[PDB]
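Encoded as structure tokens, the following chain is the form deposited without ligand NIL, with no partner shown.
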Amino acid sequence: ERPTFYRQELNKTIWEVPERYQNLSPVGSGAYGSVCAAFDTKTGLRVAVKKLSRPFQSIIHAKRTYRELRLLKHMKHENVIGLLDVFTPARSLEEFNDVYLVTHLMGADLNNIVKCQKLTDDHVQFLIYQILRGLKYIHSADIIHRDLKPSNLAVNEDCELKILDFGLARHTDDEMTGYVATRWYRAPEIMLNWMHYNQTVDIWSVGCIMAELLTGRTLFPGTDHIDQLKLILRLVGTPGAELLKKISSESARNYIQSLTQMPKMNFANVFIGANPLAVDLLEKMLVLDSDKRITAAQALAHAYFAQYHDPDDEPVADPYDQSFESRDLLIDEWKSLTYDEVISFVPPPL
């Protein structure tokens, strides 16, 4: 049965939400959509309510809306943000124009932790363990996050962590230009479009985050793409012929080869005083050749996580059908697919 909806002005736009959601207060707004904090009186949870902005204004927009809803509906894991609710005030497909997504209200992120606490090695172990636990789940569904960084990691007062805001394909070229955290955690093969990338790109980001938790400093704070590449190759060494072969862009290959060769540095002398097991794990995630990087499942079994690792409590995901990504549809067809997914949604148990 349809709940009763009520209306409110809020940001600059009209919000129409079921009565269960009370005390809406705006917290953020962008080109993707406006967000309000609220109290869900039916569950007792503080929630984030996101109203999508122009969900169906083009084919690209309509597909992205469908992609986001499919992803959030699938994610059911302690270390990944899931979907609490999705609703529309429309009573039929013909009047369907607005989409609202409801998720747990997340407070602090990994940024609000790195520059305040010195973080003990035990805290680093637990935080990275949870990222990898969530990543094992995400990767088992052939989902790549693509945009892992500290601002996409929520951490509550108990150092419990959740992965947020997947890389649904946006970050304009201008947002990735210059001295910006939007680029500091990206694998070089994605940064420079070397090749068709795999889910190992996320492991590179985890290595950058780990390092920053250990030192309190950005690992590769490049002032631009090329400066950042130089910082990376100084640490891990310039590529050998075997990795060069795998770079498809003849122009990217030629450029790499213009650089003076450099050996891999001693990580024990970079991460001074760190746990030798942390150094070993960093050496295995920050490998230039993504074919040779450690996977999430392999990293969970590394001795660095011995006090948390439990092979019977690191679950994998149900199969996730992404055939729609190869599909070409019209706006109204993406819209009807999205509507179907709204009306079939079943809430999680509390």
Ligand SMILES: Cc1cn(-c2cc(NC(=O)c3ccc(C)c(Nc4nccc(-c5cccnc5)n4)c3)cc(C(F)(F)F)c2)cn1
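Note that residue numbering begins at 1 and tracks the sequence as displayed. What we label the rigid core is the largest C-alpha set whose atoms superpose within 1.5 Å from one form to the other.
Among other compared entries that model residues flanking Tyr179, a third or more give it no coordinates. Compared with other entries of the same protein, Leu168 falls in the group left without coordinates by at least a third of them, where both flanks are modelled.
Between 255-263 and 124-132, it is 255-263 that carries the larger average Cα temperature factor according to the deposited entry.
Comparing 189-197 with 213-221, the stretch with the higher mean C-alpha B-factor in the PDB entry is 189-197. Of the candidates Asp227, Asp202, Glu175, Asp280, the deposited coordinates give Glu175 the top C-alpha B factor. Ranking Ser92, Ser140, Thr238, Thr103 by the C-alpha B-factor listed in the PDB entry places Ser92 at the top. The PDB entry assigns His77 a C-alpha temperature factor belonging to the lowest third of its chain's modelled residues. Sort the modelled residues of the chain by CA B factor and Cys116 lands in the highest third. In the deposited entry, the Cα temperature factor of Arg67 places it in the lowest third of its chain's modelled residues. Ranked within its chain, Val342 lands in the middle third, by CA B factor from the PDB record. When the modelled residues of the chain are ordered by their C-alpha B factor, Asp147 lands in the middle third.
Form solved in complex with ligand NIL: not shown, discussed below.
The site on the displayed chain is blocked: ligand NIL, placed by C-alpha superposition from its pose in the entry with it bound, has three or more atoms within 2.4 Å of backbone or C-beta atoms.
Looking at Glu78, you'd find every heavy atom of it more than 4.5 angstroms from ligand NIL in the entry with it bound. Among residues of the shown chain, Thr88 is not one whose heavy atoms approach ligand NIL to within 4.5 Å in the entry with it bound.
Interface residue remark: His302 is not counted as part of the site for ligand NIL in the entry with it bound, having no heavy atom within 4.5 Å.
Although the partner is absent here, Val35 sits close enough that one of its heavy atoms falls within 4.5 Å of ligand NIL in the entry with it bound. Put simply, of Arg67, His309, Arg54, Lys284 only one has a heavy atom within 4.5 Å of ligand NIL in the entry with it bound, and it is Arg67.
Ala48 is the sole member of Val316, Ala297, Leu45, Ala48 with a non-hydrogen atom within 4.5 Å of ligand NIL in the entry with it bound. Shown here without its partner, the chain carries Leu105, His145 and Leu164, all of which come within 4.5 Å of ligand NIL in the entry with it bound through at least one heavy atom.
In plain terms, the part of the chain that comes close to ligand NIL in the entry with it bound, with a heavy atom within 4.5 Å, is 96-104 out of 124-132, 96-104, 268-276, 215-223. Fitting the two forms on the rigid core leaves the C-alpha of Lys50 displaced by at least 2 angstroms between the shown form and the other one.
The Cα shift for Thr295 between the shown form and the other one, taken after rigid core superposition, is smaller than 2 angstroms. After superposition on the rigid core, the Cα atom of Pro311 is displaced by less than 2 Å between the shown form and the other one.
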